[PDB]
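The chain that follows stands alone, in the form deposited in one PDB entry, written as structure tokens.
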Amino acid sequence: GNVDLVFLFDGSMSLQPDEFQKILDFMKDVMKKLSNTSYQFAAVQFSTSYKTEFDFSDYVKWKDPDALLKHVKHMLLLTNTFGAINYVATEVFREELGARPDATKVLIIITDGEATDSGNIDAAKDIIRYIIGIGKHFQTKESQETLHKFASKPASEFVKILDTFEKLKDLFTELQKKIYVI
């Protein structure tokens, strides 16, 4: 019944300042819409390294997406997606950071490029994983296919490709049409 959701967002060199900002604003829009629900949130920036920008405990105490992401600094390096997903699985989904042990775990990965690392995501198998690929780096079918290995199956449900960062607004509009009292 409880949902612990992690935004895992790309901070690579390829992102223009306005594009990075549009990611931040998308995340804030989602959190504001799902205030006072069974959702609790954490946000992790990934590039070459990984940083928990705020954790679940932070969200519970402040419930203020604007304040929680206010100190985010764009890393401007690579795109270590494998390492990032593993970091979330092992280092973020923990009591110490306010994760609830019996909650449904969800990961929202937001990226504008292919992974610069390798390996596996076995550690994250118990997490429902969605991935949003954004921009000109994902023009080809082949490039989009590379993201499937990070998301839950089927790709038709868990993988979304956006032409531009402006389309995050459209995605947020679409998302809200899927909100229900169950």
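So that there is no doubt, residue numbering starts at 1 and follows the sequence shown.
Keep in mind the form deposited with a partner chain bound is missing from the figure; the text below concerns it.
_At 4.5 Å between heavy atoms, is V159 in contact with its partner chain in the bound PDB entry?_
No, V159 stays farther than 4.5 Å from its partner chain in the bound PDB entry.
*Is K73 close enough to touch its partner chain in the bound PDB entry, meaning at least one heavy atom pair within 4.5 Å?*
Yes - in the bound PDB entry, heavy atoms of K73 and its partner chain come within 4.5 Å of each other.
*Wondering, does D18 line up within 4.5 Å of its partner chain in the bound PDB entry on heavy atoms?*
Output for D18 is yes: heavy atoms within 4.5 Å of its partner chain.
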